[PDB]
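Undergrad: One structure, pasted below without further comment.
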Amino acid sequence: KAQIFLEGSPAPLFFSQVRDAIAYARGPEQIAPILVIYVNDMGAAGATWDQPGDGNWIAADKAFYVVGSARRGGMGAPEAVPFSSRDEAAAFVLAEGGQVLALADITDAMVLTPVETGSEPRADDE
């Protein structure tokens, strides 16, 4: 489950699909800025919008994000698995994930590429 609370908006955007709702936070939020996003850690992008099972309750905005390089919409529809435990997100990367970065460190360059051609991460800094 995922929900984003927008600044200026009296109502948060909430859905079961984490990957979907978090996508809205990364684009369709042009209506009102994302103040903070809360997510019910349930696989999110590891699974489908149906999700495996109940896990952690966390604020994705203040948590770890892994953007999948091996399996995800790098040039398409990228999904993010937000997790409270970094090491879990890193394990996801070992399997398929690309980079583990906090939502406070989310760059458009890592979530989506023009092509790839050996592109730089958050700022070629990490």
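Going through the structure tokens in order, the chains are called A, B, and so on, while each chain numbers its residues from 1 and the ligands are numbered from 1 in the order shown.
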Tell me, counting only C-alpha atoms, for each residue of range 49-90 of chain A within 9 Å of range 106-110 of chain A, which pair of atoms is nearest and how far apart they are in Å to one decimal, in rows ordered by chain and increasing number, as JSON lines.
TA:
{"residue": "A:65", "atom": "CA", "partner": "A:106", "partner_atom": "CA", "distance": 8.1}
{"residue": "A:67", "atom": "CA", "partner": "A:110", "partner_atom": "CA", "distance": 7.2}
{"residue": "A:69", "atom": "CA", "partner": "A:110", "partner_atom": "CA", "distance": 8.5}
{"residue": "A:74", "atom": "CA", "partner": "A:110", "partner_atom": "CA", "distance": 8.0}
Undergrad: Would you give me, as a Markdown table, each residue of range 7-60 of chain A having an atom within 8 Å of an atom of range 80-96 of chain A, along with its shortest atom pair and that distance in Å to one decimal, using only C-alpha atoms and sorting by chain and residue number?
TA:
| residue | atom | partner | partner_atom | distance |
| --- | --- | --- | --- | --- |
| A:18 | CA | A:81 | CA | 7.9 |
| A:19 | CA | A:80 | CA | 5.8 |
| A:22 | CA | A:80 | CA | 7.4 |
| A:39 | CA | A:82 | CA | 7.7 |
| A:41 | CA | A:83 | CA | 6.4 |
| A:43 | CA | A:81 | CA | 6.5 |
| A:44 | CA | A:81 | CA | 5.1 |
| A:45 | CA | A:81 | CA | 4.6 |
| A:46 | CA | A:81 | CA | 6.2 |
| A:56 | CA | A:84 | CA | 7.7 |
| A:58 | CA | A:84 | CA | 6.5 |
| A:60 | CA | A:82 | CA | 5.7 |
Undergrad: Env of residue 30 in chain A: 12 Å cut, atoms = only C-alpha atoms, seq-sep filter 4 positions within chain, self excluded. Answer as a ChimeraX atom specification.
TA: /A:6-9,24-26,34
Undergrad: What is the CA of residue 12 in chain A to CA of residue 66 in chain A distance in Å?
TA: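 Those two atoms sit 23.2 Å apart.
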Undergrad: With distances taken over only C-alpha atoms, which residue among A:68, A:115, A:124, A:77 lies nearest residue 99 in chain A?
TA: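 Smallest distance to residue 99 in chain A is found for A:68.
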Undergrad: Which parts of chain A does DSSP call strand (DSSP E) when run on the backbone here, written out as number ranges by chain?
TA: A: 2-6, 13-15, 34-41, 56-58, 64-68, 80-83, 97-102
Undergrad: Mind checking which residues fall within 8 Å of residue 50 in chain A, counting only C-alpha atoms, ignoring those fewer than 2 positions away in the same chain, and posting them as a PyMOL selection string?
TA: chain A and resi 16-17+47-48+52
Undergrad: Can you tell me, as number ranges by chain, which residues in chain A count as alpha helix (DSSP H) by DSSP?
TA: A: 18-25, 86-95, 108-111
Undergrad: Let me see the file: selected residues, C-alpha atoms, as a compact mmCIF listing (two decimals), in the first residue's frame.
TA:
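After the write, part_16.txt holds the following:
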# COMPACT_ATOMS: atom_id res chain seq x y z
CA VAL A 18 3.08 1.12 -4.23
CA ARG A 19 4.84 1.15 -7.58
CA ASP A 20 1.89 3.01 -9.11
CA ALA A 21 1.34 5.60 -6.37
CA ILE A 22 5.08 6.27 -6.11
CA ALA A 23 5.10 6.81 -9.89
CA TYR A 24 2.53 9.59 -9.38
CA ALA A 25 4.87 11.11 -6.79
CA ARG A 86 19.07 -0.58 3.39
CA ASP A 87 20.60 -4.04 3.36
CA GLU A 88 17.33 -5.48 2.05
CA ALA A 89 17.31 -2.94 -0.77
CA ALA A 90 20.96 -3.77 -1.50
CA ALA A 91 20.07 -7.46 -1.66
CA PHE A 92 17.42 -6.58 -4.24
CA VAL A 93 20.14 -4.86 -6.25
CA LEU A 94 22.36 -7.93 -6.05
CA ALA A 95 19.50 -9.79 -7.69
CA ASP A 108 15.69 11.42 -12.66
CA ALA A 109 18.88 10.10 -14.26
CA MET A 110 18.76 6.81 -12.35
CA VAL A 111 15.02 6.23 -12.55
Undergrad: Of the residues A:76, A:28, A:98, A:10, which is the one nearest to residue 114 in chain A, using only C-alpha atoms?
TA: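 Closest residue, counting only C-alpha atoms: A:76.
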Undergrad: If you measure from CA of residue 112 in chain A to CA of residue 62 in chain A, what distance in Å do you get, rounded to one decimal?
TA: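 So the two atoms, CA of residue 112 in chain A and CA of residue 62 in chain A, lie 21.1 Å apart.
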Undergrad: Give me, as a PyMOL selection string, all polymer residues having an atom no more than 9 Å from residue 38 in chain A, counting only C-alpha atoms and skipping those fewer than 6 positions away in the same chain.
TA: chain A and resi 1-5+57-62
Undergrad: Between A:63, A:104, A:27, A:125, which is the closest to residue 78 in chain A once you count only C-alpha atoms?
TA: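 For residue 78 in chain A, the nearest of the candidates is A:27.
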Undergrad: By how many Å are CA of residue 122 in chain A and CA of residue 105 in chain A apart?
TA: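 Taking CA of residue 122 in chain A and CA of residue 105 in chain A, their separation equals 7.2 Å.
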